[PDB]
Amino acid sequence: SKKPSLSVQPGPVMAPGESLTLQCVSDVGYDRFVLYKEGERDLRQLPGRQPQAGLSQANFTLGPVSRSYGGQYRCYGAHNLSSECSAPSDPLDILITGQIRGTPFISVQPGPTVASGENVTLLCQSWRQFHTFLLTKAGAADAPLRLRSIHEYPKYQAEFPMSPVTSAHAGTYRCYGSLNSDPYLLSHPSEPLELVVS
């Protein structure tokens, strides 16, 4: 009866028009899976398939994406005869970009070239008010990091510390802003910032 797992390809941060697949996997042979969104009435139901050995799954593909697709998703398994359903998966946040005003800026301290083992803060800043900032890393995208924005006049900002950096931290970062009206709706992205290590 154990809870299945939920994942996204290509990632959780989505621009309108894009499409994505939410995959729900369990090691219990559930006959069907049900995808649901926190606080929404509508359900999605897909039959189980066994492409991987000792594993049951379903691929929920969400068609051309919009603002209304933003939110918190969970999945659960069910059996055919049986009237019991599984424990729900851990929640998966789907974020929609370009939905609110403002464009944040990203920067590195002390810099983009970076010796392994160093302290590195990455901060997203904004002129306009944002309640939260999001740090994403170019796909594979499985984050993303969220932080409450701190108002330090005349800017809003958030520090994403990566003290002890490793070669793994290296990559291309973007930075997003969000408001409490809907934390699943993001601003347009900042310019990318490529982090390199050596």
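Each residue number is its position in the shown sequence, starting from 1.
Between the stretches 156 to 164 and 60 to 68, it is 156 to 164 that shows the larger average CA temperature factor.
Averaged over CA atoms, B-factors in the entry run higher in 106 to 114 than in the other of 69 to 77 and 106 to 114. In this entry, the residue among 44, 137, 148, 32 with the greatest C-alpha B factor is 148. Residue set 120, 100, 92, 95: peak C-alpha B-factor at 120 (per PDB entry).
Among all modelled residues in this chain, the alpha-carbon of residue 143 has a temperature factor (C-alpha) in the highest third.
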